[PDB]
Amino acid sequence: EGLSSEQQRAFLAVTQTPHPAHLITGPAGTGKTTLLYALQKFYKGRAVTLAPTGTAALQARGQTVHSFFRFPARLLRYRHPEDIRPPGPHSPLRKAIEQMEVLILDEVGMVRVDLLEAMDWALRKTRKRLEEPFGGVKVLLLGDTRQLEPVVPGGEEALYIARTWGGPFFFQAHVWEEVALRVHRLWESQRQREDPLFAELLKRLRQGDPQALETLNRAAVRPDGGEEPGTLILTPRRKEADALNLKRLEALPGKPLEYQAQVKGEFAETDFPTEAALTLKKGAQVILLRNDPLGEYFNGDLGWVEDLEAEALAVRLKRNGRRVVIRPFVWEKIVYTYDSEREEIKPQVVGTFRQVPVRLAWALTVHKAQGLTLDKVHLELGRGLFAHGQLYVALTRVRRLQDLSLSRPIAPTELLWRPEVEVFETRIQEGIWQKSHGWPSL
Amino acid sequence: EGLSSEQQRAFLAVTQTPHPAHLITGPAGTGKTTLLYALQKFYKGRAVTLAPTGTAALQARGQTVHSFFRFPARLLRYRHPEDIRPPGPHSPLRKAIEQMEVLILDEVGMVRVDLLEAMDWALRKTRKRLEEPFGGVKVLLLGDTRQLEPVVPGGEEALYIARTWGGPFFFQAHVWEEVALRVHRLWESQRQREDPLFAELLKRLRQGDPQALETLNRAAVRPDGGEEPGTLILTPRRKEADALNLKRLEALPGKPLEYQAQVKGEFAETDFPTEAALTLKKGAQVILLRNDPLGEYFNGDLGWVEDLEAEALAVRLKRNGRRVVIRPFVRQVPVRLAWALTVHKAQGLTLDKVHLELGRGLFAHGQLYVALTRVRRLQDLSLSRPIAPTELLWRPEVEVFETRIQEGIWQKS
DNA sequence: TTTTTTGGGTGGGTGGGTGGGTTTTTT
Ligand SMILES: Nc1ncnc2c1ncn2[C@@H]1O[C@H](COP(=O)(O)OP(=O)(O)O)[C@@H](O)[C@H]1O
Ligand SMILES: Nc1ncnc2c1ncn2[C@@H]1O[C@H](COP(=O)(O)OP(=O)(O)O)[C@@H](O)[C@H]1O
Ligand code: ALF
Ligand code: ALF
Ligand SMILES: [K+]
Ligand SMILES: [K+]
Ligand SMILES: [K+]
Ligand SMILES: [Mg+2]
Ligand SMILES: [Mg+2]
């Protein structure tokens with residue numbers, strides 16, 4: 001709404017120059033995604049906008065990076081033809097990639113390094129340009145490395161990522177050795193514009209200030225905050241969001257219908273994208289987990305269950321006001337094991353999980369909230385924070401201090417920091433990100 | 001009460017000419033295999049009769065291609081000496097191939113292109129005639145490309161076939177670049193001669209007319225049709241046939257005997273001929289999996305069981321009305337349940353009553369046509385549900401073969 | 001510990017096949 005003076009000056013810095021790699025970053029709520037809209041309508045069809053999560057893709061009026069490139073939901077081994085499959089000779093995506101001019105990538109901080117490198121390789125190989133990063137496509141990335149770090153399941157996946165790239169962050173990709181990333185910073189908060197004192201407290205919390213932390217507990221710790229009408233609960237873990245959605249569900253007058261999931265092979269309960277014994281009444285707030293094969297709904301689309309029958313569920317979407325019918329999807333559990341004949345790690349399906357792609361959305365994980373502006377939010381701390389950027393994203397969703405509430409006081413012992421982000425954030429004050437070597441692997 | 005005149009015309013054409021390769025083709029039930037019996041008598045039993053499936057081999061009074069050349073049950077790579085191995089210096093098979101004059105091959109539509117090519121090569125190498133197709137053996141092929149297509153397993157021998165032949169059908173074999181195939185056509189149906197209206201419906205279904213499909217749906221749909229005694233259920237998929245074989249057994253009064261086998265060395269659970277364990281009850285239609293050295297039973301005759309105690313298998317056949325005893329060899333008794341069967345196992349048979357349980361639907365070219373053409377009268381055919389036009393499967397290769405053979409010749413360039 | 005995405009037929013053909021894979025034979 002309205003480009004600010006620092007927004008419009010980034011707009012011209014990024015549009016009227018031939019340099020093909022730009023990053024627009026800044027604290028939460030500075031208007032990065034709103035500047036994306038202004039860029040969306042200049043390039044306006046010459047640009048493909050994408051984001052790593054469904055929620056962030058809907059906020060940016062685009063698609064998930066996986067959905068567009070048709071990437072699988074597993075480790076994308078470096079330029080591996082098993083994972084980065086090239087599109088068909090007469091495919092819609094081939095023309096899409098071949099005529100593409102600009103690619104806008106929002107919430108780039110949550111983009112794991114293998115995902116970014118897969119995009120590079122996908123664009124290079126299909127566009128006939130092995131010598132130019134992203135095949136010659138002007139890439140305009142927007143995000144914040146102080147917000148949620150990428151999801152790296154410990155074990156073989158994390159070891160492959162460390163050995164191949166040194167770390168998981170998008171800025172640790174090797175493509176940045178081939179092209180310098182011009183950095184443009186937005187400072188003035190537009191989400192909390194009319195509450196400057198709250199915005200300043202969030203700035204100090206971004207710099208790990210301990211006295212800002214103790215002030216925050218003094219002002220925003222109210223355990224009853226989850227009960228206030230129309231406020232969303234955020235939570236670090238999925239199972240903590242279920243236990244809290246539980247009570248607002250059994251406070252609705254509708255008849256219960258339980259959708260039961262079928263699991264085959266080895267698929268642990270800890271890996272469930274939603275609950276195997278999932279109950280819903282009508283009028284319940286829900287979020288969708290998978291994109292519609294025919295594009296009537298998407299991953300991260302919010303809505304209200306509208307009528308529910310044995311295996312066919314229909315929900316009124318909040319995005320567009322249309323009633324969509326949700327038939328159950330299948331999830332696969334993937335395990336990576338070293339193959340000694342071909343001398344590489346290979347992914348293996350070991351179990352499956354089919355269930356309706358929905359979970360109640362009175363309480364959500366912080367990951368599904370990143371990108372949104374919320375009216376009010378209550379953060380249920382649960383068993384604690386585990387991800388770099390988790391606390392910050394939760395606290396930055398609202399416009400006003402009064403709109404924020406906490407489950408319990410947070411201590412300085414649970415602040416998390418990543419040395420790689422500190423190296424990145426320090427270097428890009430100079431204005432660009434150009435790497436000479438790769439990152440070391442430990 | 002003998003051969004039809006067009007059966008005689010085809011007989012005289014393949015026997016009174018100098019041409020080395022012939023194809024007798026026509027719609028289902030036209031008497032192709034009946035003509036084959038005449039060819040066998042004409043060549044005084046010195047011809048060799050092969051067929052791609054055990055059902056077709058038993059129907060043709062011959063044996064499977066694989067059994068004769070001792071090919072393995074995998075892809076047969078082009079002229080590959082580790083897939084196509086010739087017999088030893090004094091093998092009965094070597095003497096058989098060296099003295100062979102005529103090879104009759106029934107249900108050629110189901111012969112996959114690598115099978116035909118392996119036959120060509122096996123006969124060339126063994127007979128030491130490398131520049132003559134089939135080693136100079138006169139080949140008489142009989143079959144129908146609008147019946148079941150050859151099976152391309154869901155490994156990807158499919159692309160090796162695409163890379164090496166461009167398709168699985170027998171007429172895509174490279175031997176047709178060296179020899180022309182003389183095509184003789186039969187038109188009038190003998191299996192449905194008593195029901196000309198039904199024969200004319202099948203003719204119309206053969207060419208895909210949808211007004212005929214609606215008439216078939218309104219006439220032959222009877223879900224209760226598989227519960228009549230004596231009728232055989234055909235299914236598209238193997239486990240669908242086993243799933244309906246078990247209820248007919250479980251509902252049957254009289255209580256079972258369980259047969260399980262012996263293991264030795266290395267054997268995966270479906271490397272065995274029949275399934276791990278087998279429960280049977282006296283008075284049950286089931287059919288055999290292999291022949292025996294003397295000659296009393298044959299792989300593909302079905303009936304009921306008269307007595308049953310653990311290792312003598314007293315069961316009464318239909319082929320003769322005669323008697324058999326089955327005892328296993330390496331290791332289980334080669335008998336499987338036969339209330340429901342795949343349509344692949346039924347191609348070539350003339351059946352008294354047939355019910356097509358469609359299950360999840362048809363998936364192969366010619367699958368529906370075979371199931372409908374087994375019986376003599378329309379009243380002998382029942383369907384579990386009506387057929388939709390979007391279930392008709394057509395391979396374009398078959399249309400170019402069917403079109404180019406209208407001048408009597410098939411060859412490749 | 002959080003994200004991304006779909007594979008079988010006891011999920012079921014009024015959900016549809018340009019959402020996409022699989023069935024069948026041969027010792
Ligand atoms: N220039 C602006 N003027 C007024 N409001 C703005 C402006 N830029 C952003 N906003 C508001 O700030 C809120 C969050 O901005 P957003 O674009 O989500 O920032 P970011 O992408 O940096 O988190 C939005 O609700 C938007 O309306
Ligand atoms: N000339 C004929 N006279 C009487 N019956 C015949 C004649 N030819 C074939 N039949 C009968 O028609 C049925 C189908 O014949 P078959 O040889 O199996 O056809 P095809 O192999 O072409 O499908 C069999 O019952 C057969 O006995
Ligand atoms: F930086 Al944001 F919503 F995109 F806080
Ligand atoms: F062609 Al047939 F039975 F051999 F119909
Ligand atoms: K299907
Ligand atoms: K499906
Ligand atoms: K399906
Ligand atoms: Mg944003
Ligand atoms: Mg025949």
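These numbers come from the heavy atoms of this one structure, side chains and all, not from hydrogens, waters or symmetry mates. Residue numbers start from 1 in every chain, and the chains themselves are labelled A, B, ... in the order their sequence lines are given, proteins ahead of strands.
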Report yes if a side-chain nitrogen or oxygen of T352(A) is closer than 4.0 Å to either non-bridging phosphate oxygen (OP1 or OP2) of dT6(C); otherwise report no. no

Kindly state whether the bases of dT22(C) and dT23(C) qualify as stacked, with ring centres closer than 5.5 Å and planes tilted less than 30 degrees? yes

Consider only side-chain N and O atoms of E117(B) and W165(B), and report whether a donor and an acceptor are under 3.5 Å apart. yes

Let me spell it out: for each of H367(A) and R237(B), pick the nucleotide of DNA chain C with the closest heavy atom. Which residue's pick is nearer the 5' end? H367(A)

Correct closest heavy-atom pair for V65(B) and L105(B) would be CG2-CD1, 3.6 Å

If I take atom CD in residue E157(A) and atom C1' in nucleotide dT1(C), what distance separates them, rounded to the nearest angstrom? 13 Å

Among the nucleotides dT25(C), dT2(C), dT26(C), whichever has the atom closest to the side chain of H66(B) is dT26(C)

Presence of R360(B) side-chain N/O under 4.0 Å of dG9(C) phosphate oxygens OP1/OP2: no

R70(A) CZ to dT6(C) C1', straight-line distance once rounded to whole Å: 12 Å

Can you tell me the distance, in whole Å, between the CZ atom of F329(A) and the P atom of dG15(C)? 15 Å

Taking the same atom, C1', in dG8(C) and in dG21(C), what whole-Å distance lies between them? 9 Å

Given atom CG of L75(A) and atom P of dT3(C), what is their separation to the nearest angstrom? 18 Å

Roughly how far apart, to the nearest Å, are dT5(C) and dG9(C) at atom P? 25 Å

Per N299(A) side chain, nearest of listed nucleotides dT3(C), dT25(C), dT5(C): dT5(C)

Among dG11(C), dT25(C), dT5(C), find the nucleotide with the atom closest to the side chain of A73(A). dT5(C)

Intermediate values then yes/no, salt bridge (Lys or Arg N to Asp or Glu O under 4.0 Å), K247(B) and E250(B): CA-CA 5 Å; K247(B) 85 183 32 52; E250(B) 267 142 11; 6.0 Å; no

Is any side-chain heavy atom of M119(A) closer than 4.5 Å to one of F69(A)? yes

Which part of the nucleic acid, if any, lies within reach of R354(A) when heavy atoms closer than 4.0 Å are counted: base, sugar-phosphate only, or nothing? base

Rounded to the Å, how far apart are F353(A) CZ and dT4(C) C1'? 16 Å

Can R112(A) and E149(A) be counted as an ion pair, charged N to O under 4.0 angstrom? no

Candidate nucleotides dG8(C), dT6(C), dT26(C), ranked by approach to the side chain of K264(A) - the nearest: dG8(C)

Say you pick atom P in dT24(C) and the same atom in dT10(C); how far apart are they, in whole Å? 13 Å

To the nearest Å, give me how far apart CZ (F386(A)) and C1' (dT1(C)) are. 4 Å

Quick check on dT25(C): is either OP1 or OP2 less than 4.0 Å from any side-chain nitrogen or oxygen of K345(B)? yes

Just call it for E311(A): base, sugar-phosphate, or nothing, with non-hydrogen atoms closer than 4.0 Å on any strand. nothing

Using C1'-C2'-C3'-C4' (north if positive, south if negative), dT5(C) puckers south

Determine the sugar pucker of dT6(C): a positive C1'-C2'-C3'-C4' angle counts as north, a negative one as south. north

OP1 or OP2 of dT5(C) under 4.0 Å from side-chain N/O of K333(A): no

Categorize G54(A) for me: base, sugar-phosphate, or nothing, with a 4.0 angstrom heavy-atom threshold over every strand shown. sugar-phosphate

What orientation do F169(A) and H388(A) show, parallel under 30°, tilted 30 to 60°, or perpendicular over 60°? perpendicular

Minimum-distance pair of heavy atoms, taken over all atoms of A60(B) and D106(B): CB-OD2, 3.9 Å

So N291(A), base contact, sugar-phosphate only, or nothing? Heavy-atom distance under 4.0 Å. sugar-phosphate

For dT6(C), does OP1 or OP2 lie under 4.0 Å from any side-chain N or O of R327(A)? no

North (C3'-endo side) or south (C2'-endo side) for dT24(C) via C1'-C2'-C3'-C4': north

Select one nucleotide: of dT24(C), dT5(C), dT6(C), the one nearest the side-chain heavy atoms of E332(A). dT6(C)

Might you work through the salt bridge (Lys or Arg N to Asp or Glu O under 4.0 Å) test for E311(A) and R327(A), ending with a clear yes or no? CA-CA 7 Å; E311(A) 316 297 14; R327(A) 83 72 183 51; over 6 Å; no

Under 4.0 Å, counting only non-hydrogen atoms across every strand here, what does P236(A) touch: a base, just sugar-phosphate, or nothing? sugar-phosphate

Rounded distance in Å between the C1' positions of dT23(C) and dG7(C): 15 Å

Roughly, in whole Å, what's the span from NZ in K239(B) to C1' in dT22(C)? 11 Å

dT6(C) and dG19(C), which share atom name P, separated by this distance in whole Å: 14 Å

At less than 4.0 Å, is any side-chain N or O atom of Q390(A) found next to OP1 or OP2 of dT2(C)? Yes or no. no

Do the side-chain N or O atoms of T64(A) get closer than 4.0 angstrom to the phosphate oxygens (OP1, OP2) of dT5(C)? yes

Hey, is the side chain of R385(B) poking within less than 4.0 Å of OP1 or OP2 on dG13(C), counting only N and O atoms? no

Base, sugar-phosphate, or nothing for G361(B), non-hydrogen atoms under 4.0 angstrom? nothing

Nearest-Å distance, CH2 (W331(A)) to P (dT5(C))? 11 Å

Please determine whether a side-chain nitrogen or oxygen atom of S67(B) lies at a distance below 4.0 Å from atom OP1 or OP2 of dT26(C). no

